[PDB]
Amino acid sequence: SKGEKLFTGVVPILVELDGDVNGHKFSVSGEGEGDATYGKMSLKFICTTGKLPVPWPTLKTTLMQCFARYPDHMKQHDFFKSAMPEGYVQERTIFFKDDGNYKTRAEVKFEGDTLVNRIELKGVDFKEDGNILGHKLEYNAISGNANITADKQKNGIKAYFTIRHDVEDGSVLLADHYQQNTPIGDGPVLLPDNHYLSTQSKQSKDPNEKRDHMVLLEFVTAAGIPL
């Protein structure tokens, strides 16, 4: 594969999410730019249906690991770019401790020069008086590691990690992520040695934006193999 050559410059990003959580339906759209040379994504997401019925932080991991910076010595472990431009399917289950779960399915692919992330999200067994449907989570930055492993049987990768969401009562809401990625195309892909993606995030608002929205500046770096 020569998928990595598609990311050497600034790439426009389009995101589309259709969600249903305990029957509360919503849509999100997002745009921005990825600059994988520096591991960077600059993004803005809008709830297109009015008020988001779950907190923005709970959707962040769902709303493009193809934009990670793999250091030169780790290039042979970058499944995400190797699958381009045909793309990959990303599936997760996210278990919120003592609350419901999200089941997600996404297709991440190029549509001409645009990297498009099209997502379906289904959430069930949430508590209406809980920290999620009750909107009791802090609007702050999520940072941390995604652990990546080869899935030889599916010619893809699996990932796992736990996000710690701050609750406005000073407690923490744990969100256990289980991830599977499979190439959409039939061509060759890179199957990695074990490693992780480290994300640094800055979360903000646009003071001119009336719509329910999220602004992110993300930097994502591959790590866990020396040299």
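Residues numbered from 1 in each chain as written, not as in the entry; some residues may be left out. Heavy atoms only, no water.

If you check the header, you'll see the entry was determined by X-ray crystallography and the resolution is listed as 1.70 Å.

### As for the environment of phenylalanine 95
Locating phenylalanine 95 in the fold gives a position in strand β4 (residues 88–96). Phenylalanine 95 sits in the partly exposed class, given a relative accessible area of 41%. Among residues more than four places away in sequence, those in contact with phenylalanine 95 are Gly100, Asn101, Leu174, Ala175, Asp176 and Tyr178. (Helix = DSSP H or I, 4+ residues; strand = E, 2+ residues; numbered from the N terminus. Buried < 20%, exposed > 50% of the residue type's maximum accessible area, 1.4 Å probe, protein only. Contact = heavy atoms within 4.5 Å.)

### Considerations on the packing of aromatic side chains
Counted under the stated rule, the structure contains nine aromatic pairs. Relative to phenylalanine 126, the ring of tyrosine 102 lies with its centre 5.3 Å away and its plane at 45°, an arrangement referred to as tilted. With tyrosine 102 in strand β5 (residues 101–111) and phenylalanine 126 in the loop between β6 (114–124) and β7 (144–151), this pair connects stretches of sequence that are 24 residues apart. When its relative accessible area of 0% is taken as the criterion, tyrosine 102 is described as buried. Overall, the relative accessible area of 7% leaves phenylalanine 126 in the buried class. Feature note: the residues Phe7, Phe67 and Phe110 constitute an aromatic cluster, connected by ring pairs. The ring of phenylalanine 7 carries the charged tip of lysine 81 above its face, separated from the ring centre by 5.6 Å. One cation-aromatic arrangement involves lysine 205 over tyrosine 139; the distance from NZ or CZ to the ring centre is 4.0 Å. (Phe/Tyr/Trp six-rings, centres within 6.5 Å; stacked < 30°, edge-to-face > 60°. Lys NZ or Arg CZ within 6 Å of the ring centre and 35° of its normal.)

### Notes on the sheet that holds strand β10 (residues 195–204)
Strand order around the closed barrel formed by eleven strands is β1-β2-β3-β11-β10-β7-β8-β9-β4-β5-β6, with mixed pairing between neighbours. Taking each pair of neighbouring strands and ignoring which way they run, the sheet shows an average axis angle of 20°. The pairing of strand β1 (residues 11–21) with strand β2 (residues 24–35) spans eleven bridges and is antiparallel. Residue pairing in the sheet places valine 11 in a bridge with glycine 34 of β2. (Pairing = 2+ DSSP bridges. Axes fitted to C-alpha atoms, helices over the stretch in contact; angles between N-to-C directions.)

### Observations concerning the environment of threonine 48
Among the structural elements, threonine 48 can be located in the loop between β3 (40–47) and α1 (56–59). In this structure, the C-alpha to C-alpha distance between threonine 48 and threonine 61, residues 13 residues apart in sequence, is 19 Å. Setting aside residues no more than four positions away along its own chain, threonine 48 makes contact with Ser27, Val28 and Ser29.

### A word on the nonpolar core
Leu63, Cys66, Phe67 and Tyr102 are the most contacted members of the largest nonpolar core, which has 58 residues in total. Top contributing element to this core by residue count: β1, with five residues. (Core = buried A, V, L, I, M, F, W, Y, C linked by side-chain atoms within 4.5 Å.)

### Looking at the pairing of β10
On any regular strand, side chains alternate: one points to one face of the sheet, the next to the other face. As judged from the five bridges shared by β7 and β10, these two strands associate in the antiparallel manner. Paired with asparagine 147 across the two strands is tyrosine 196, which belongs to β10. Direction of pairing for β10 relative to strand β11 (residues 213–223): antiparallel, over a ladder of nine bridges. Its bridge partner being in β11, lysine 202 is matched across the sheet by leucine 217.

### A short note on the side chain of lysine 109
Here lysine 109 lies in strand β5. When its relative accessible area of 16% is taken as the criterion, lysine 109 is described as buried. A polar contact is formed between the side chain of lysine 109 and the side chain of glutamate 107, at a distance of 3.0 Å. Residues in contact with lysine 109, not counting those within four places in the same chain, are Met84, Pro85, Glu86, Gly87, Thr114, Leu115, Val116 and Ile184. (Polar contact = N/O pair within 3.5 Å; in protein donor to acceptor, adjacent residues only side chain to side chain.)

### Overview of the pattern of salt bridges
What the rule picks out here adds up to nine salt bridges. The partner of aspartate 78 in a salt bridge is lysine 81, with the nearest N and O atoms 2.9 Å apart. Each member of the pair, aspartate 78 together with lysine 81, is buried. The network of salt bridges with shared partners includes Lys44, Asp206, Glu209 and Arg211. (Salt bridge = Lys/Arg side-chain N within 4 Å of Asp/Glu carboxyl O.)

### Some remarks on empty space enclosed by the protein
As a volume, the second largest cavity reaches approximately 40 Å³. What lines the second largest cavity is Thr62, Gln90, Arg92, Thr104, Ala106 and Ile119. Contributions of two or more residues to the lining of the second largest cavity are made by β4 and β5. When the residues that make up the lining of the second largest cavity are grouped by side-chain class, the tally is two nonpolar, three polar and one charged. (1 Å grid on protein atoms, 1.4 Å probe; cavity = no way out; pocket = protein on both sides within 12 Å on 5 of 7 lines; lining within 4 Å. Points joined across faces, edges and corners; volume = space filled by probe spheres on them. Nonpolar A, V, L, I, M, F, W, Y, C, P; charged D, E, K, R; others polar.)

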